[PDB]
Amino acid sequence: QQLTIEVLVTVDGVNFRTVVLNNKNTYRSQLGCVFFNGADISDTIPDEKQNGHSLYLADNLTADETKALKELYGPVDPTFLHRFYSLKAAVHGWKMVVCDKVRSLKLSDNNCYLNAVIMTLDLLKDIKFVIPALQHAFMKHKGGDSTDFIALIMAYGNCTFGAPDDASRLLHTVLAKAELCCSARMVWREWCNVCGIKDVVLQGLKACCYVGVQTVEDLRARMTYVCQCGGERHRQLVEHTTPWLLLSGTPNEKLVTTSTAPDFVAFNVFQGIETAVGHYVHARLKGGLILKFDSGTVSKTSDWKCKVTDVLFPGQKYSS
């Protein structure tokens, strides 16, 4: 050969393994796709200066490294680790501003949908992710370093850097890997004129999120579908205790105004055409005005006609 180095290889930052390498072939041919200090050095020749440092591996995992991969991230797709490492490097160029102690993502590479997702997740109290990598990146996000959490949710949501995406889709994909740390219930009364009446109960995080409606009045409205027997089946909410309610629907025009003092506390907005590239804006209701957090910029208005997607309501206390 010429020179021999021994690098340590990890997929979780905790467990490592030593790999003896040459200066006669690249990292990819000897070891595989490796990242060093947030940079893909797979196609470079190992230098003696990079002797005893740590590398983050993305493919060619050993049997125990796939076990460590699943224990940290869960059952992920074969391209997950390479996409997450690539996203984590490109997200480093972004900037997370904190205006009056609320975080917002500056606009870059059409990341406005990530701004609505992050700023909505910041309001969800008593949530915790059941995937360790997500929870680890979530704590670092709530501590001042969001690049890990931004890149992770883009990897789980299969988002492409620089391409616009769906904020409502990613928000619920992210929440699918989370649980609530407090009591929450919702009871749907189902009944068919043949089979009879039957109650179903959802507890925890699933009792705080609904996709389809955007107002509380539409949530408790009676719904009709087909029963298992083939007949008409009805459904209606008859009990609802929750710390907060997230209602998501397709972009719908509404005149959000501070005249009637609306009951919801925050909502997302999709500006532009749906078939074309649009711009997402996160909004909160502080004091007596609407605070439009438009990707680093802040605005205030008493009224606003906008296409609302997600709406966030306070705690629910309801029964009938």
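One-based numbering along the sequence shown.
*Asks:* Output the stretch having the higher mean C-alpha B factor in the entry; the candidates are 294 to 302 and 10 to 18.
*Replies:* On average, C-alpha B-factors are higher across 294 to 302.
*Asks:* Would you determine, from the values in the PDB entry, which of 192 to 200 and 92 to 100 has the greater average C-alpha temperature factor?
*Replies:* According to the entry, 192 to 200 carries the higher average C-alpha B-factor.
*Asks:* In terms of recorded Cα temperature factor, pick the maximum from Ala63, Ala266, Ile273, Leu57.
*Replies:* Among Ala63, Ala266, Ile273, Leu57, the highest C-alpha B-factor in the entry belongs to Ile273.
*Asks:* Could you tell me which one of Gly212, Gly231, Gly157, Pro132 shows the highest CA temperature factor in the PDB record?
*Replies:* By C-alpha B-factor in the record, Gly231 ranks first.
*Asks:* Is the Cα B-factor recorded for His240 in the lowest, middle or highest third of its chain?
*Replies:* For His240, whose C-alpha B-factor we compare with every modelled residue in the chain, the answer is the highest third.
*Asks:* Grab the CA temperature factor for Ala184 from the record and place it in the lowest, middle or highest third of its chain.
*Replies:* Tercile = highest for this residue's CA B-factor.
*Asks:* Place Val76 in the lowest, middle or highest third of its chain's C-alpha B-factors, as listed in the PDB entry.
*Replies:* CA B-factor rank for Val76: lowest third.
*Asks:* Which third, lowest, middle or highest, does the CA B-factor of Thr120 fall in along this chain?
*Replies:* Its C-alpha B-factor, which the entry lists for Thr120, ranks in the lowest third among residues of this chain.
*Asks:* Compared with the other modelled residues in the chain, in which third is the CA B-factor of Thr224?
*Replies:* It falls in the top third of the chain.
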